[PDB]
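K.L.:
Sending over a structure as structure tokens; questions will come in a sec.
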Amino acid sequence: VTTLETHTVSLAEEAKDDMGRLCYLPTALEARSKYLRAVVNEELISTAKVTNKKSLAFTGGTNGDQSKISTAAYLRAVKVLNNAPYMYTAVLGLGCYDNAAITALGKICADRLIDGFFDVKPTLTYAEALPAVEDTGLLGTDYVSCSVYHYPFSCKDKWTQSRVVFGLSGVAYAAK
Amino acid sequence: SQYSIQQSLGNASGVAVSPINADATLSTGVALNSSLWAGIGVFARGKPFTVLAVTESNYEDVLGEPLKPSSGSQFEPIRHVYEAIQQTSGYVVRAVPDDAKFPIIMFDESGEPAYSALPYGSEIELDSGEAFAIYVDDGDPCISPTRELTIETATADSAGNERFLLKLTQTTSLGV
Numbered sequence: 178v179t180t181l182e183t184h185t186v187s188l189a190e191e192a193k194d195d196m197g198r199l200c201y202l203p204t205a206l207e208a209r210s211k212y213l214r215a216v217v218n219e220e221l222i223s224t225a226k227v228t229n230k231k232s233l234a235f236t237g238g239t240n241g242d243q244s245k246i247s248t249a250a251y252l253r254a255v256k257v258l259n260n261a262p263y264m265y266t267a268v269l270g271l272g273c274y275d276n277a278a279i280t281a282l283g284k285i286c287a288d289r290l291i292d293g294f295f296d297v298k299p300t301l302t303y304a305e306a307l308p309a310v311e312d313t314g315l316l317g318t319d320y321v322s323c324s325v326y327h328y329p330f331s332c333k334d335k336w337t338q339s340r341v342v343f344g345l346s347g348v349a350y351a352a353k
Numbered sequence: 002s003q004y005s006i007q008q009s010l011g012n013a014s015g016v017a018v019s020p021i022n023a024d025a026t027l028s029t030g031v032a033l034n035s036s037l038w039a040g041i042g043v044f045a046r047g048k049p050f051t052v053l054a055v056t057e058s059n060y061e062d063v064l065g066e067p068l069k070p071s072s073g074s075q076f077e078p079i080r081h082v083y084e085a086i087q088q089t090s091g092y093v094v095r096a097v098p099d100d101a102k103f104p105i106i107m108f109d110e111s112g113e114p115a116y117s118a119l120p121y122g123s124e125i126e127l128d129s130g131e132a133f134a135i136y137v138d139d140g141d142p143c144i145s146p147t148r149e150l151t152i153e154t155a156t157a158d159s160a161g162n163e164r165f166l167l168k169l170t171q172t173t174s175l176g177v
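So the sequences go chain by chain: G and B. First residue of the first sequence: 178, per the deposited numbering; consecutive thereafter. First residue of the second sequence: 2, per the deposited numbering; consecutive thereafter.
As structure tokens, this is what we get:
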């Protein structure tokens with residue numbers, strides 16, 4: 178058993194810690210904590226009380242199946258990435274193989290004046306690898322800063338010591 | 002995003018860059034005006050049968066792009082102008098053949114365009130219909146590149162007179 182972190186919280190509206198920091202449960206959790214958040218009803222809080230409890234575990238957390246993801250989710254994630262207010266000078270593929278996601282990323286890198294490092298599915302043989310590039314839609318005179326890589330090789334994984342195959346954006350960005 | 006950089010300026014306060022062009026050259030210079038030369042010639046663009054003004058900066062614009070040695074022997078005057086432009090200004094006069102024509106767009110009462118062309122010298126007249134017509138005068142044939150006209154409505158004035166914004170745009174061969 179390992180303890181992450183503890184803090185002193187209160188259910189009162191204006192309870193203040195001895196150091197002056199706030200102790201209201203939503204503000205206290207949203208200010209200093211990094212793992213949990215809370216929501217408090219605004220009508221029963223005045224008379225609400227608490228007790229002593231031990232080992233309250235979370236049950237029901239599940240991320241579903243990560244193998245299949247809808248294209249709409251990828252589009253929303255790309256749109257979120259487009260609006261992030263930060264410096265980044267290279268957009269990597271990071272494994273997405275959907276054509277629409279790659280097209281949106283290509284639209285991204287031609288708008289911030291940066292350079293992408295996308296790729297295609299490594300399982301494709303040499304014959305059908307060529308049609309995939311124009312299937313992506315990157316080819317043209319607009320997305321002039323991107324680049325497409327292919328890598329039909331199987332290596333030994335660093336963690337599981339198994340025969341796995343993965344793309345090639347990371348090495349290209351490391352070289353850059 | 003606030004990090005995006007657009008391509009062509011609109012009306013918002015911002016700084017934008019254009020796509021990386023290759024088939025274009027530039028030159029800079031400051032006029033001296035110690036002794037001005039003059040002389041007739043034959044070129045592309047420019048108002049025919051009217052004295053122009055040529056400096057070391059706008060000679061690529063008012064006098065058009067250079068002609069081609071392959072197309073007959075009409076390439077002499079632009080080379081001569083370049084040779085003597087690195088010293089002072091100029092007062093070249095352009096002359097055109099009789100069969101040279103300039104485009105004209107004429108509008109009806111309902112607002113339907115009707116393309117047409119007319120030779121130089123002759124004044125433009127309007128028939129019983131076709132309320133007003135607008136034509137270019139720079140003399141460029143508008144074949145390479147192409148110039149397009151865009152008309153959009155706008156806010157009326159205090160007296161109630163209708164006003165519409167008129168926009169003239171140029172489309173390059175590539176697509177920009």
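All C-beta atoms in this analysis are idealised placements derived from N, C-alpha and C, irrespective of residue type, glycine included.
Taking C-beta pairs closer than 9 Å, name the residues in chain B that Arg-289 (chain G) reaches, listed in chain order.
P.N.:
Here residue 289 (chain G) refers to the residue found at position 112 when the first sequence is read from its first residue. Chain B residues near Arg-289 (chain G): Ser-2, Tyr-4, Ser-5 and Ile-6.
K.L.:
Beta carbons nearer than 7 Å to chain G: which residues of the region 157 to 176 of chain B have them?
P.N.:
Listed by position, the residues of the region 157 to 176 of chain B near chain G (Cβ gap below 7 Å) are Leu-175.
K.L.:
Under 9 Å between the Cβ atoms of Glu-149 (chain B) and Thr-170 (chain B)?
P.N.:
To locate residue 149 (chain B), count along the second sequence from 1; it is residue 148. To locate residue 170 (chain B), count along the second sequence from 1; it is residue 169. Going by C-beta atoms, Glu-149 (chain B) is nearer than 9 Å to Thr-170 (chain B).
K.L.:
Need the endpoints of the alpha helix (DSSP H) that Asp-312 (chain G) sits in, please.
P.N.:
In the first sequence, the residue the question calls residue 312 (chain G) occupies position 135. Taken as a continuous stretch (DSSP letters only), the alpha helix (DSSP H) holding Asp-312 (chain G) covers 303 to 313.
K.L.:
Which one of B:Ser-9, B:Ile-144, B:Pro-49 and B:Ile-86 has the shortest CA to CA distance from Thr-56 (chain B)?
P.N.:
Residue numbering aside, residue 56 (chain B) sits at position 55 when the second sequence is read from its first letter. The option with the nearest alpha carbon to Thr-56 (chain B) is B:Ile-86.
K.L.:
Less than 8 Å between C-beta atoms, sequence neighbours within five positions excluded: which residues of the same chain meet that for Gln-8 (chain B)?
P.N.:
What you label residue 8 (chain B) is simply residue 7 of the second sequence in a count that begins at 1. Closer than 8 Å at Cβ, skipping near neighbours: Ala-17, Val-18, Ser-19 and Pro-20.
K.L.:
Look at the alpha carbon of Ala-205 (chain G) and the alpha carbon of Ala-234 (chain G), and state the distance between them as a whole number of angstroms.
P.N.:
In the first sequence, the residue the question calls residue 205 (chain G) occupies position 28. In the first sequence, the residue the question calls residue 234 (chain G) occupies position 57. For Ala-205 (chain G) and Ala-234 (chain G), the distance between alpha carbons rounds to 21 Å.
K.L.:
Helix, strand or coil, according to DSSP, for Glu-84 (chain B) in the structure here?
P.N.:
Numbered from its first residue, the second sequence carries residue 84 (chain B) at position 83. Note: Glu-84 (chain B) maps to helix in three-state DSSP.
K.L.:
Could you name the residues of the same chain whose beta carbon sits closer than 7 Å to that of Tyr-116 (chain B), not counting the 5 residues immediately before and after it, in chain order?
P.N.:
For the purposes of this step, residue 116 (chain B) is taken as the residue at position 115 of the second sequence. Result list for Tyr-116 (chain B): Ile-106, in chain order.
K.L.:
Taking all protein chains shown into account, do 16 or more other C-beta atoms lie within 10 angstroms of the C-beta of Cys-323 (chain G), making it buried, or fewer, making it exposed?
P.N.:
Here residue 323 (chain G) is taken as the residue at index 146 of the first sequence, counted from 1. Looking at its Cβ environment, which holds 16 or more other Cβ atoms inside 10 Å, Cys-323 (chain G) is buried.
K.L.:
DSSP on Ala-234 (chain G), reduced to helix/strand/coil?
P.N.:
Numbered from its first residue, the first sequence carries residue 234 (chain G) at position 57. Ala-234 (chain G): coil per DSSP, three-state reduction.
K.L.:
Do the region 219 to 237 of chain G and the region 257 to 265 of chain G meet, that is, are 3 or more Cβ pairs less than 8 Å apart?
P.N.:
As far as the Cβ criterion goes, the region 219 to 237 of chain G does not touch the region 257 to 265 of chain G, which means the pair count is below three.
K.L.:
For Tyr-320 (chain G) and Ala-287 (chain G), I'd like the C-alpha separation in whole angstroms.
P.N.:
Indexing the first sequence from 1 puts residue 320 (chain G) at position 143. Indexing the first sequence from 1 puts residue 287 (chain G) at position 110. So the two alpha carbons sit approximately 6 Å from each other.
K.L.:
If you reduce the DSSP assignment to three classes, tell me which class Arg-95 (chain B) lands in.
P.N.:
Locating residue 95 (chain B) in the second sequence gives position 94, counting from the first residue. Three-state DSSP puts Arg-95 (chain B) in a strand.
K.L.:
Runs of 4 residues minimum, wholly inside the region 178 to 210 of chain G: which ones carry the alpha helix (DSSP H) assignment?
P.N.:
Fully enclosed alpha helix (DSSP H) runs of 4 or longer: 202 to 208.
K.L.:
With a Cβ-Cβ cutoff of 9 Å, do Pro-142 (chain B) and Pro-104 (chain B) count as a contact?
P.N.:
For the purposes of this step, residue 142 (chain B) is taken as residue 141 along the second sequence, with counting starting at 1. For the purposes of this step, residue 104 (chain B) is taken as residue 103 along the second sequence, with counting starting at 1. A contact, by the Cβ cut-off of 9 Å.
K.L.:
On a CA-only basis, which of G:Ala-304, G:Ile-285, G:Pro-308 and G:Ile-279 is nearest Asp-296 (chain G)? Give me that one, please.
P.N.:
If you number the first sequence from 1, residue 296 (chain G) lands on position 119. Answer by Cα proximity: G:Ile-279.
K.L.:
Would the region 36 to 49 of chain B and the region 79 to 96 of chain B be scored as touching if the rule is three or more Cβ pairs under 8 Å?
P.N.:
With a cut-off of 8 Å, the region 79 to 96 of chain B and the region 36 to 49 of chain B count as touching, because enough Cβ pairs lie within range.
K.L.:
Report the neighbours of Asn-259 (chain G) on chain B: residues whose CB is nearer than 7 Å to its CB, in chain order.
P.N.:
For the purposes of this step, residue 259 (chain G) is taken as the residue at position 82 of the first sequence. By Cβ distance, chain B contributes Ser-2.
K.L.:
Assuming contact is defined by CB atoms lying nearer than 9 Å, are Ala-281 (chain G) and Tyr-326 (chain G) in contact in what I supplied?
P.N.:
Position 104 of the first sequence, counted from the first residue, corresponds to residue 281 (chain G). Position 149 of the first sequence, counted from the first residue, corresponds to residue 326 (chain G). No, they are not a contact pair.
K.L.:
Entirely within the region 13 to 91 of chain B and at least 3 residues each: give me those beta strand (DSSP E) ranges in chain order.
P.N.:
Segments of the beta strand (DSSP E) lying fully in the region 13 to 91 of chain B: 38 to 42.
K.L.:
Quick one, which residues of the region 314 to 345 of chain G are near chain B if we go by CB-CB under 9 Å, in chain order?
P.N.:
Flagged, chain order: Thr-318, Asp-319 and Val-321.
K.L.:
Taking Cβ positions, are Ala-134 (chain B) and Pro-120 (chain B) nearer each other than 9 Å?
P.N.:
As a first step, residue 134 (chain B) must be located in the second sequence, where it is residue number 133. As a first step, residue 120 (chain B) must be located in the second sequence, where it is residue number 119. No, Cβ-Cβ distance for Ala-134 (chain B) and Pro-120 (chain B) is not below 9 Å.
K.L.:
Comparing C-alpha positions only, which one of G:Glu-220, G:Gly-293 and G:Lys-256 sits nearest to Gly-272 (chain G)?
P.N.:
As a working mapping, residue 272 (chain G) is identified with position 95 in the first sequence. Selected option, being the one with the closest Cα: G:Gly-293.
K.L.:
Would you say the region 209 to 229 of chain G touches the region 181 to 197 of chain G, given that touching needs at least three Cβ pairs under 8 Å?
P.N.:
Yes, the region 209 to 229 of chain G touches the region 181 to 197 of chain G.
K.L.:
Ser-346 (chain G) by DSSP, collapsed to three states: which one?
P.N.:
As a first step, residue 346 (chain G) must be located in the first sequence, where it is residue number 169. Of the three classes helix, strand and coil, the one that applies to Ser-346 (chain G) here is helix, per DSSP.
K.L.:
If you measure from the beta carbon of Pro-20 (chain B) to each beta carbon in chain G, is any gap under 9 Å?
P.N.:
Reading the second sequence from its first residue, position 19 is the one you call residue 20 (chain B). With 9 Å as the cut-off, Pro-20 (chain B) counts as an interface residue toward chain G.
K.L.:
Quick one: Cα of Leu-175 (chain B) to Cα of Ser-72 (chain B), how far?
P.N.:
In the second sequence, residue 175 (chain B) corresponds to position 174, counting from 1. In the second sequence, residue 72 (chain B) corresponds to position 71, counting from 1. Cα to Cα, the separation comes out at about 23 Å.
K.L.:
Just to confirm, are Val-255 (chain G) and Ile-291 (chain G) a CB contact at a threshold of 9 Å?
P.N.:
Residue 255 (chain G) sits at position 78 when you count from the first residue of the first sequence. Residue 291 (chain G) sits at position 114 when you count from the first residue of the first sequence. No, the pair does not count as a contact, with Cβ atoms beyond the cut-off.
K.L.:
How about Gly-91 (chain B) and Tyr-60 (chain B): are their beta carbons less than 9 Å apart?
P.N.:
Taking the first residue of the second sequence as position 1, residue 91 (chain B) is located at position 90. Taking the first residue of the second sequence as position 1, residue 60 (chain B) is located at position 59. It is a contact, given that the beta carbons lie within the stated cut-off.
K.L.:
Which residues of the region 238 to 269 of chain G have a Cβ closer than 7 Å to any Cβ of chain B? Give them in chain order.
P.N.:
Within the region 238 to 269 of chain G, the residues whose Cβ lies closer than 7 Å to some Cβ of chain B are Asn-259, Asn-260 and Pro-262, listed in chain order.
K.L.:
Rounded to whole angstroms, what is the Cα-Cα separation between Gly-130 (chain B) and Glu-110 (chain B)?
P.N.:
Within the second sequence, the letter at position 129 stands for residue 130 (chain B). Within the second sequence, the letter at position 109 stands for residue 110 (chain B). Taking the straight line from one Cα to the other gives about 7 Å.
K.L.:
Between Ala-118 (chain B) and the rest of its own chain, which residues show a CB-CB distance below 8 Å, the 5 nearest in sequence each way excluded?
P.N.:
Here the question's residue 118 (chain B) lines up with position 117 in the second sequence. Around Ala-118 (chain B): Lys-102, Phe-103, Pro-104 and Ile-105.
K.L.:
Assign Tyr-212 (chain G) to buried or exposed, taking buried as 16 or more other Cβ atoms, counted over all protein chains shown, within 10 Å of its Cβ.
P.N.:
Here residue 212 (chain G) refers to the residue found at position 35 of the first sequence. Its Cβ having fewer than 16 others within 10 Å, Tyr-212 (chain G) is exposed.
K.L.:
With DSSP as the reference, label residue 354 (chain G) as helix, strand or coil.
P.N.:
Given that chain G is displayed from residue 178 to residue 353, the structure contains no residue 354 (chain G) and the question cannot be resolved.
K.L.:
What ranges does the beta strand (DSSP E) occupy inside the region 217 to 293 of chain G, keeping only unbroken runs of at least 3 residues that lie completely in it?
P.N.:
List check, beta strand (DSSP E) in window: 267 to 269.
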